[PDB]
Amino acid sequence: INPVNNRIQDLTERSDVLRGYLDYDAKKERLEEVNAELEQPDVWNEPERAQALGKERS
RNA sequence: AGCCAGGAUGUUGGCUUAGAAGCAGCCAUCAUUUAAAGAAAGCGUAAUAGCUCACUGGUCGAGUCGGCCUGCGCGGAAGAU
Ligand SMILES: [Mg+2]
């Protein structure tokens, strides 16, 4: 049981560290603002901005 | 032929895609509601949407369709006294 217990904890550390490297906080806000621009009804009035957020949001 | 109705459902078949809804493709392509309606033939939408069509009903009432052999013609076909 304990080998797996440590397995989960190791993954905990790795996943939190990867959230650190990729800075999940700013991605969360940036994607949420991406979704803000996405909800913005004119989002597809400008195709360039729309597809920008398409690729960006993806 | 026109003309008038319908042109459905699961279901946007899924996946890759950013989106992909019949209609970018990949990719299956069935079953159901049936008069009949394609997991779509074209147009179209960023995507949907939307629009026709195939299919089918109803009014009209004699032809209509598109290949084969063959005769004669048409376009392709601009030059310098
Ligand atoms: Mg000739």
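Excluded from the calculations below are hydrogen atoms, water molecules and symmetry mates; all remaining heavy atoms, backbone and side chain alike, are included. Just so it is clear: chains get the letters A, B, ... in the order the sequence lines come, proteins before strands, and each one is counted from 1.
- When the P atom is used for both B:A37 and B:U9, the distance is 14 Å, rounded to whole Å.
- Base-pair partner of B:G79: not found among the strands shown (Watson-Crick or G-U wobble, both distances under 3.5 Å).
- Pucker annotation for B:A35 reads north, on the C3'-endo side, since its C1'-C2'-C3'-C4' dihedral is above zero.
- Not a single donor-acceptor pair under 3.5 Å links the side chain of A:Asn5 to the backbone N or O of A:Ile1.
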Sort me out a list of protein N/O and nucleotides 46-51 of chain B N/O pairs below 3.5 Å, or just none if empty.
| unit_1 | atom_1 | unit_2 | atom_2 | d |
| --- | --- | --- | --- | --- |
| B:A46 | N3 | A:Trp44 | NE1 | 3.4 |

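- With both atom-pair distances required to fall under 3.5 Å, a Watson-Crick or G-U wobble pair links B:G10 to B:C30.
- Here B:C15 sits opposite B:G25 as a true base pair, Watson-Crick or G-U wobble, both distances under 3.5 Å.
- Rounded to whole Å, the separation between the P atoms of B:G14 and B:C23 comes to 11 Å.
- Remark: B:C30 and B:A31 stack on each other (six-membered ring centres under 5.5 Å, interplanar angle under 30°).
- Between A:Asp10 and A:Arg14, at least one side-chain N (NZ, or NE/NH1/NH2) sits under 4.0 Å from a carboxylate O, which counts as a salt bridge.
- Nucleotides B:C4 and B:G22 have their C1' atoms positioned 26 Å apart, rounded to a whole Å.
- Judged by ring centres closer than 5.5 Å and planes tilted by less than 30°, the bases of B:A35 and B:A36 are stacked on each other.
- The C1'-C2'-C3'-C4' torsion of B:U34 is negative, so its sugar falls on the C2'-endo, or south, side.
- Entry note: B:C43 and B:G57 fail the pairing test, Watson-Crick or G-U wobble at under 3.5 angstrom for both distances.
- Annotation for A:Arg49 and A:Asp42: closest pair NH1-O, 4.2 Å, computed over non-hydrogen atoms.
- From the dihedral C1'-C2'-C3'-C4', which is negative here, one reads the pucker of B:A40 as south, toward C2'-endo.
- For the criterion of Watson-Crick or G-U wobble pairing, both bonds shorter than 3.5 Å, the nucleotides B:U45 and B:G71 do not count as partners.
- Between B:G14 and B:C55 there is no base pair of the Watson-Crick or G-U wobble kind with both of its two distances under 3.5 Å.
- In this strand, B:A40 does not stack on its neighbour B:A41 when judged by six-membered ring centres under 5.5 Å apart and planes inclined by less than 30°.
- Judged by the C1'-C2'-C3'-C4' torsion, the sugar of B:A21 sits on the south side, since the angle is negative.
- For the consecutive nucleotides B:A62 and B:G63, the six-membered rings of the bases fall outside the stacking limits of 5.5 Å between centres and 30° between planes.
- A salt bridge links A:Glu37 and A:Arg30; the closest N-O separation between the charged side-chain nitrogens and carboxylate oxygens is under 4.0 Å.
- A side chain to side chain contact (heavy atoms under 4.5 Å, CB included) with A:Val34 holds for exactly one of A:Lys27, A:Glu39, A:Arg57; it is A:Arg57.
- For B:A36, the torsion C1'-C2'-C3'-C4' is above zero, which places the sugar in the north, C3'-endo range.
- Listed here is the closest heavy atom pair of A:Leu38 and A:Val43: O-CG1, 3.2 Å.
- In this structure, the side chain of A:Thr12 engages the main chain of A:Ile8 through a donor-acceptor pair within 3.5 Å.
- Only the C1' atoms considered, B:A35 is 15 Å distant from B:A54, to the nearest whole Å.
- Not both conditions hold for B:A21 and B:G22, whose six-membered rings lack centres under 5.5 angstrom apart with planes under 30 degrees, so their bases do not stack.
- Nucleotide B:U64: unpaired (no Watson-Crick or G-U wobble partner with both distances less than 3.5 Å).
- Atom pair A:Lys55:NZ and B:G19:P shows a separation of 8 Å (rounding to whole Å applied).
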